[PDB]
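Have a look at the structure below, then the notes.
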Protein chains: 2
Amino acid sequence: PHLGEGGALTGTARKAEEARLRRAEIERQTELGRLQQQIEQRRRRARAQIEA
Amino acid sequence: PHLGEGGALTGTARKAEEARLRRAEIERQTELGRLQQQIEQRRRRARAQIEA
């Protein structure tokens, strides 16, 4: 079965919870990259203000 | 004689010019110190703003 998750989904529902979790993993990775981008740009803006 | 601006004077006029130069030098040095302190405090202000 699918131990641990919200029940031991078996077939179809298992194949759907797997897809949900995989899409969520990809989404979290995209979010981490996005956040790195944002904090880097904000840090550069702050450096510019400090130089000013 | 007293060699400088105004001539030799040679008397209480010499004393007057000497006292004028003395007071003026003290005034200049006090102004220099005032401006140095202003610069130092504004520098503290800007460094603290950068830290903020």
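Values quoted throughout were computed directly from the atomic coordinates according to the rules given, and no laboratory measurement underlies them. In this analysis, Cβ positions are derived from the backbone assuming ideal geometry, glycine residues included, and neighbour counts consider all displayed protein chains.
So here's what we get for this one:
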{"read-out": "Selection from the stretch B:22-44 of residues that are acidic (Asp, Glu) and over 30 Å from residue A:52 (Cβ atoms)", "value": "B:25, B:27"}
{"read-out": "From A:28, A:47, A:14, residue being within 14 Å of chain B (Cβ to nearest Cβ) and either farther than 30 Å from residue B:45 by Cα or surrounded by 10 or more Cβ atoms within 10 Å (Cβ to Cβ) (or both)", "value": "A:47"}
{"read-out": "Residue check for residue A:19: more than 26 Å from residue B:51 (Cβ to Cβ) and surrounded by 10 or more Cβ atoms within 10 Å (Cβ to Cβ)", "value": "yes"}
